[PDB]
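Coming up is one lone chain in structure tokens, specifically the form solved without the partner chain.
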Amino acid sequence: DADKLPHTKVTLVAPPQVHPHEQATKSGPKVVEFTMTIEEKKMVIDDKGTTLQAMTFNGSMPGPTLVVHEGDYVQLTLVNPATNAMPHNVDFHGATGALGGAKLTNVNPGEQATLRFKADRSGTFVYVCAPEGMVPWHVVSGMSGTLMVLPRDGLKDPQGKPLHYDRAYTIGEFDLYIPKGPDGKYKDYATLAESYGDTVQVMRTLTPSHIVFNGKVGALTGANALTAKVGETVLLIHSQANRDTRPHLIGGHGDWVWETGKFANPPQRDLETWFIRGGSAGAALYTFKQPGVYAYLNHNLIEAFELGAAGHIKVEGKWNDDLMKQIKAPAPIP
């Protein structure tokens, strides 16, 4: 029975970090308790000062990543404070029944609820807010994240050999649909409700105005680049709740990749570009071998460089001339 089974409480951390946790483990199943608080807020999303009337789980885009093990039970308390204006709920793609939990978590401002479901399938799974009649608006406005359910004995390769990561990072990619006025400038709205009609009309064209990692253009560059060092293995979790994307690590590879995101399937090796289907999360492992700066981006280069879907990873260590060597620097042509 899930009733008896020890309970545990997890504290969440802001993306792109993922909360400390175990890969392989000797512990038996548990009821893992989490809490999240919805926050509607206006956010600045680019270098020219454009804003989005946004909606978030826990104040961030994307929401925090939740980690449990196969066979555990997830038990979430979802809170919607009186300071918000809309109702919300939650749908876990990793769960079975009731539209992922949406039908049992409908919360008006000033209310809360508690849902439990069994995490009986391994992989990275999207969760979203899906209120009847406003599903796409809430999702494109920022209300998505990932639940990672790891196998009890850790990750495995196609032959059943063990795989591991030394660090984990989580990246949410958001296609945004910001309206413009007759002067061709983007519109700035006083409340969340007033942005609605105009936004639906942009959505229907299927052309995003911006496509961003973790809330804004440049969120993962400069002081905020991801970091690693030569010899370390990183797990890159990538979610896209509404639209397809194609991650690529410029200067590196996907060593082992589950593009559909489900760990009971064998991963593919040596990828240059992988593919995340809209409405899913995927995962890639890579072991660094050269120091320097890498670009982790959506490899439709217009979507990356013009629209915003690109970040940086800064890697420390020693250069490997066997792997790569500048034989003759740029010089005049004889």
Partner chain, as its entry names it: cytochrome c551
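Numbering follows the first chain given and starts at 1.
Not on display, but discussed next: the form solved in complex with the partner chain.
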Contact with the partner chain in the deposited bound form for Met134, defined as at least one heavy atom pair within 4.5 Å: yes or no? yes
Test of understanding: in the deposited bound form, would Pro87 fall inside 4.5 Å of the partner chain by heavy atoms? yes
Can you tell me if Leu163 lies within 4.5 angstroms of the partner chain in the deposited bound form, counting non-hydrogen atoms only? no
Consider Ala225 of the chain shown here, and say whether it contacts the partner chain in the deposited bound form, taking contact as heavy atoms within 4.5 Å. no
Just give me the residues of 98-114, first to last, that have a heavy atom within 4.5 Å of the partner chain in the deposited bound form. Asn108
